[PDB]
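In this analysis, Cβ positions are derived from the backbone assuming ideal geometry, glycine residues included, and neighbour counts consider all displayed protein chains. Nothing in this text is a laboratory measurement; each read-out follows from the coordinates by a stated rule.
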Amino acid sequence: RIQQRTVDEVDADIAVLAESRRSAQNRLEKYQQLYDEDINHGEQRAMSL
Amino acid sequence: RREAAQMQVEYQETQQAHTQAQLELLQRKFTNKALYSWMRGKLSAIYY
């Protein structure tokens, strides 16, 4: 029984790390979109005028 | 994990309980200190 509980514990830790991964990749792709778009048309207009 | 530690506690608890019961068995066995005490005394007297 005790070892059943321990394998349960490690499975829970797997889930914890998995949702950690989801959060990290969210931050990543948000940064990536924010970086690729670089400078939008508003600042282009500011500099041009 | 806390619940795991808890049934570990009661694990050790049951282990202690049944080792106590085993002690009770060893006392209550047929060839106990009463039988050996009687035999020692009677043999020693007759031997002397």
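Restricting the search to the stretch B:35-48, which residues are of a type outside the set (D, E, K, R) and surrounded by 10 or more Cβ atoms within 10 Å (Cβ to Cβ)?
Once the filter is applied, which keeps residues that are of a type outside the set (D, E, K, R) and surrounded by 10 or more Cβ atoms within 10 Å (Cβ to Cβ), the stretch B:35-48 yields B:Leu35, B:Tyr36, B:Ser37, B:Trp38, B:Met39, B:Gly41, B:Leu43.
Of all the residues that make up the stretch A:5-24, how many are basic (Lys, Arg) and more than 14 Å from chain B (Cβ to nearest Cβ)?
The number of residues fulfilling the criteria is 2.
How do the pairs read when you match residues in the stretch B:5-34 that are without any contact (Cβ under 8 Å) to a residue 40 or more places away in the chain and away from every other protein chain (no Cβ under 14 Å) with residues anywhere that are assigned to a helix (DSSP H, G or I) and aliphatic (A, V, I, L, M), using Cβ under 9 Å and keeping only pairs 6 or more apart or on different chains?
Close Cβ pairs (under 9 Å, with a partner that is assigned to a helix (DSSP H, G or I) and aliphatic (A, V, I, L, M)) amount to B:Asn32/B:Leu26.
Residue-wise test of (1) surrounded by 10 or more Cβ atoms within 10 Å (Cβ to Cβ); (2) hydrophobic (A, V, I, L, M, F, W, C).
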position: A:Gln3; (1), (2): no, no
position: A:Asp8; (1), (2): yes, no
position: A:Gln25; (1), (2): yes, no
position: A:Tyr31; (1), (2): yes, no
position: A:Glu37; (1), (2): no, no
position: A:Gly42; (1), (2): no, no
position: A:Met47; (1), (2): no, yes
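Looking at the stretch A:1-19, can you tell me whether even one residue there is assigned to a loop (DSSP other than H, G, I, E, B) and closer than 30 Å to B:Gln12 by Cβ?
Scanning the stretch A:1-19 turns up at least one residue that is assigned to a loop (DSSP other than H, G, I, E, B) and closer than 30 Å to B:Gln12 by Cβ.
Residue under question is B:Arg2, and the condition is that it be over 29 Å from A:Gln3 (Cα atoms) and not hydrophobic (A, V, I, L, M, F, W, C); does it hold?
no
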